[PDB]
Amino acid sequence: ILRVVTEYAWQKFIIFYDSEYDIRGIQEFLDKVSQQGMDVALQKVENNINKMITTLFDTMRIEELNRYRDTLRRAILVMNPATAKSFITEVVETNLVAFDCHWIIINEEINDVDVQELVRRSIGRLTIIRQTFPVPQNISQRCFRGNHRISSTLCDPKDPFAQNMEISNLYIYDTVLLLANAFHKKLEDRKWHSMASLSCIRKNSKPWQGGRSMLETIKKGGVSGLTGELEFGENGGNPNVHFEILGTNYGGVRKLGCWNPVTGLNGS
Amino acid sequence: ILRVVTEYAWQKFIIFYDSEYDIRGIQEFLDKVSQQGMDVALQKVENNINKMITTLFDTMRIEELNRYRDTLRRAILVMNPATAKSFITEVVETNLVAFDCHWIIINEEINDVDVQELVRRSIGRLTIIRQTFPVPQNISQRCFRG
Ligand SMILES: [Ca+2]
Ligand SMILES: [Ca+2]
């Protein structure tokens, strides 16, 4: 979000977040914008937008709303798409934004149906930032990885399930996939160590003697799945991630660029 | 509608009407705009807007839609408010109109709830023309006549 904001040369904008978001996620962002001397407002968006905005007009006086309108010309939404949809509509309909506004929505999880609906509801420039998964061309090969066949319900992107999957769902698939390959290699190499029946609340209880070798095998595993490549670095965490950046100035959405943490930003 | 159009100095605009409207109602209007040399398009709006506009983008090519977009900058809606609501939203969301547009809605019957909702849905200038009834001040005397 910092990189994108920097590219647009924003100096003044408002960050909107939903009622479940943990703002520690942007503590580093807030530090940096302050360090660069920007004017950044924060507001939590209640889950019922209708009473929020109605309350606003009543509560706030004219000169405040004029200040508020100006502030909304540049905004970042850090919220789930459902709340964002409702929020965008209500501000638009109540004339709190206009054609010159530019809003950014950022969330790993925004599906194609959500993106289309957000664009439909917005009336200025909109930028959408979401995580994307490297998936093959030729729709037929989308449902295979080598000889491994994936249920069409997960890989057919015309499928309602597929279009409604949570990101965690994709990772769950690849996790099962990764484990299977880990077990396979361990079995094939004839270096199997059996599972053990363990006991928890027993300060005497011992750990699984097989755990260290299994962990090492899984940790050094890698598979191609629905998320792209799943694998682990030396620190035990998946390093692979990709973000796409979508846009539309109104008057329809297109790809502006891509981001990943090694190469950085590509495109405008 | 003629008087209002004359006041705004329109020279080119499109008239949209719903599927129940009897266009003989505007035959005299059409005569007069033609006599003044205006460029006036007519289209019936089907009762399901969603398939109408979807059909449109598929059916029509680019250069037609550009012609069409330009034409929609000035429009008159001669339809019931329910159909107008849906119609305004769908054109707005599909970027067939923009901030510079000016639309007129005319119907004797458009209640206060409809008016508020139309304004909410529109994104340019909107003019609403409806019949009104002279009703007393002091809400108490509204419910009496003598
Ligand atoms: Ca739109
Ligand atoms: Ca409006």
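First residue shown is number 1, and so on along the chain.
Heads up, header says this was done by X-ray crystallography, 3.1 Å.
Using the three backbone atoms N, Cα and C, a Cβ is placed for every residue, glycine included.
Per Swiss-Prot, the features are as follows:
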type     : residues      : note
CARBOHYD : A:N138        : N-linked glycosylation site
DISULFID : A:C143-A:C155 : disulfide bond
CARBOHYD : A:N266        : N-linked glycosylation site
Position of peak Cβ density within 10 Å, selected from the disulfide-bonded residues A:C143, A:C155: A:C155
Around the Cβ of A:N138 (N-linked glycosylation site), the count of other Cβ atoms that are within 10 Å: 6
Pairwise Cα distance for A:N266 (N-linked glycosylation site)/A:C155 (disulfide bond) [Å, integer]: 27
For A:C155 (disulfide bond), the three-state class that DSSP assigns: helix
A:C155 (disulfide bond) versus A:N138 (N-linked glycosylation site) - Cα distance in angstrom: 12
Neighbour tally for A:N266 (N-linked glycosylation site), based on other Cβ positions within 10 Å of its Cβ: 10
